Amino acid sequence: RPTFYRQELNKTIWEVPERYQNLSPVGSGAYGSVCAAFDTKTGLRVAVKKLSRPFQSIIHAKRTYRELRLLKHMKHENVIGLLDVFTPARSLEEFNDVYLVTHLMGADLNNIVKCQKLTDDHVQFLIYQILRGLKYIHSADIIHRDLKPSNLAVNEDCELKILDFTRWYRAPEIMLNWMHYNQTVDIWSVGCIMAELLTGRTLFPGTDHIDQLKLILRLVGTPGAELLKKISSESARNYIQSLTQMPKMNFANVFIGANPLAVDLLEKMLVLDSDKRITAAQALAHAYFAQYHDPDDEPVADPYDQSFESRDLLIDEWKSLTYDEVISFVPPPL
Ligand SMILES: CN1CCN(c2cc(-c3ccncc3)c(-c3ccccc3)nn2)CC1
Ligand SMILES: Fc1ccc(-c2n[nH]cc2-c2ccncc2)cc1
């Protein structure tokens, strides 16, 4: 076992191995506190996240287990992965805190889009990396569900990683509460992200769920006959069909000046009918990315056992299962 040292950083206390030095808080939220640190063993700057109230309830306990299982499974250049996971606890009884460690990512796409106006070549590279990580994630039967600029970490090399796998980036089927949305919800988010990088403006800055939908339908037009035929909720259908019908706009006109290849990709990404959205694997082959697309270098993920998501367990079982995952963690080769 390693040796730990203790310090209070912004109200929260931190107990971590000596190997992690010069802890410096980077931001907080409902997820937990994150500190930047220097890792003496590897020589790398790392981010250390302390989970907040990881076993407060069954929801929190399952969530803590899900995140650890999820992060332990991601080994991909464009997805946040685990360098280390630890707890100061020596036994299961005293297990109450979980610490996650990954390569420090200095910025996100919000501090890059609002602070600049991306050139078409930088858009190609950034979006290509997103789709490359999304192919890997989707190959594991995982849906991100919450893709947005602040969930895409970027460093100075413009290397990008997905993390955390009104919402201006949410697919309309979710705005409408369709219970069977598929992985193409993530593609819709990518489309909204790409559009923002090209124009510097939020594509759909809705103020609520209703306003969000009107903004979407203003651009992509109201659902056609084939799409309405797939809506079971009578309420949702009645609403939709009762709106002042609107036509699909010419994307080449909305995104005037942009690269015609980028516009064609947006049209295939921002399709209302989810059965017809381009998939991540298909987008990677789109001509827009011809400069970066390497089919032998866009790998898929090993199988991911999600059977736990339907289990109804007590807090101590979720806690014990999490402890099992901390103890059994094997770091990645240096
Ligand atoms: C929208 N917000 C959602 C929450 N978030 C983060 C960002 C980071 C992070 C910070 C810096 N470098 C890398 C990752 C981490 C994190 C995950 C595992 C280990 C350590 C840290 N967890 N959550 C910030 C963006
Ligand atoms: F106005 C809209 C906006 C989006 C959709 C939609 N796109 N993909 C799936 C759906 C959908 C929505 C509600 N119920 C079933 C399916 C349907 C109508």
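Ligands are counted one by one from 1 in listed order, and the atoms in each one are counted from 1 as well. Atoms considered below: every heavy atom in the structure, side chains included; atoms not considered: hydrogens, waters and symmetry mates. Starting from 1, each residue takes its place in the sequence as its number.
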Shortest protein heavy-atom distance from [atom], along with the residue and atom involved:
atom: atom 9 (C) of ligand 1; result: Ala47 CB, 4.3 Å
atom: atom 7 (C) of ligand 1; result: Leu163 CD2, 4.0 Å
atom: atom 10 (C) of ligand 2; result: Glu173 CB, 3.7 Å
atom: atom 5 (C) of ligand 2; result: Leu227 CD2, 4.0 Å
atom: atom 17 (C) of ligand 2; result: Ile231 CD1, 3.6 Å
atom: atom 14 (C) of ligand 1; result: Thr102 CG2, 3.7 Å
atom: atom 16 (C) of ligand 2; result: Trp178 CD2, 3.5 Å
atom: atom 2 (N) of ligand 1; result: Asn151 OD1, 3.7 Å

Test item: side-chain donor near acceptor, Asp39 and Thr42, under 3.5 Å: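 There is such a pair (donor and acceptor under 3.5 Å, judged by atom type) between the side chains of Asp39 and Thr42.
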
Quick one: which ligand 2 atoms are inside 4.0 Å of a heavy atom on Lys230?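 Near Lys230, meaning under 4.0 Å from one of its heavy atoms, ligand 2 has 15 (C).
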
For ligand 2, which atoms have a heavy atom of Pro223 less than 4.0 angstrom away?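 Reading through ligand 2 atom by atom, the close ones are 1 (F), 2 (C), 18 (C).
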
What's the separation between atom CG in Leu118 and atom CD1 in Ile112, rounded to the nearest 0.5 Å?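 Here the interatomic distance stands at 8.0 Å.
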
As a test of understanding, state which of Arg69, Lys62, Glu67 forms a side chain to side chain donor-acceptor pair (under 3.5 Å) with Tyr65.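 For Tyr65, the side chain to side chain donor-acceptor pair (under 3.5 Å) test succeeds with only one of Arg69, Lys62, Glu67, which is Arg69.
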
So which of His293, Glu298, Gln291 actually passes side chain to side chain donor-acceptor pair (under 3.5 Å) with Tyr128?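 Answer to the side chain to side chain donor-acceptor pair (under 3.5 Å) test with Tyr128 among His293, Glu298, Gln291: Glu298.
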
Please confirm whether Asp164 comes under 4.0 Å of ligand 1, counting heavy atoms of the residue only.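 Under 4.0 Å: yes for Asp164.
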
For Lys161 and ligand 1, answer yes if some heavy atom of the residue is under 4.0 Å from a ligand atom, otherwise no.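 No; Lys161 lies far enough from ligand 1 that no heavy-atom distance drops under 4.0 Å.
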
So which bit of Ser274 gets within less than 4.0 Å of ligand 2, heavy atoms only: side chain, backbone, both or neither?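 Both parts.
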
How far apart are the closest heavy atoms of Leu266 and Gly191, and which atoms are they?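 Looks like CD2-O, 3.3 Å.
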
Show the nearest heavy-atom pair for residues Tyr5 and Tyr20, with the distance to one decimal.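 The answer is OH-O, 2.7 Å.
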
At the 4.0 Å heavy-atom cut-off, does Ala236 count as touching ligand 2?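 Outside the 4.0 Å threshold, so no.
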
Could you pull out, from [options], the option with a heavy atom nearest to [atom]?
atom: atom 19 (C) of ligand 1; options: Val26, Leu100, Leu83; value: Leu100
atom: atom 8 (N) of ligand 2; options: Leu176, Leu272, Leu228; value: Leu272
atom: atom 22 (N) of ligand 1; options: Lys49, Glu67, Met105; value: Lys49

Please report the C-alpha distance between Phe204 and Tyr169 in whole Å, then the side-chain angles of each, then the deciding distance to 0.1 Å, and finally whether the ring pair (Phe, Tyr, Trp, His ring centres under 6.0 Å) criterion is met. CA-CA 8 Å; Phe204 310 114; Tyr169 309 93; 9.4 Å; no

Name the residue from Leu272, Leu243, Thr244 that meets the side chain to side chain contact (heavy atoms under 4.5 Å, CB included) definition with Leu217.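 Result for side chain to side chain contact (heavy atoms under 4.5 Å, CB included) with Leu217: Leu272.
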
Does this structure show an ion pair linking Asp273 with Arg277, if we count only N-O contacts that are shorter than 4.0 Å?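 Judged by the 4.0 Å cut-off on N to carboxylate O distance, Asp273 and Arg277 do not form a salt bridge.
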
Ligand-side contact atoms (ligand 1) for residue partner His103, heavy atom cut-off under 4.0 Å: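 Matching atoms, with element in brackets: 12 (N), 13 (C).
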
Go through ligand 1 atom by atom and flag the ones less than 4.0 Å from a non-hydrogen atom of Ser150.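 In order of numbering, the contacting atoms are 1 (C), 2 (N), 25 (C).
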
Identified ring-ring contact (aromatic ring centres under 6.0 Å, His included) partner of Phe4 from the options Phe86, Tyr99, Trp14: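 In the set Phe86, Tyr99, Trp14, the residue that makes a ring-ring contact (aromatic ring centres under 6.0 Å, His included) with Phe4 is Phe86.
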
Going by the angle between their ring planes, with limits at 30° and 60°, are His286 and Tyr288 parallel, tilted or perpendicular?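 Taking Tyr288 first and then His286, their aromatic rings stand perpendicular (interplane angle over 60°).
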
Pair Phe55-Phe95, ring pair (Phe, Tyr, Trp, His ring centres under 6.0 Å): steps then yes or no: CA-CA 10 Å; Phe55 309 108; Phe95 177 53; 5.1 Å; yes

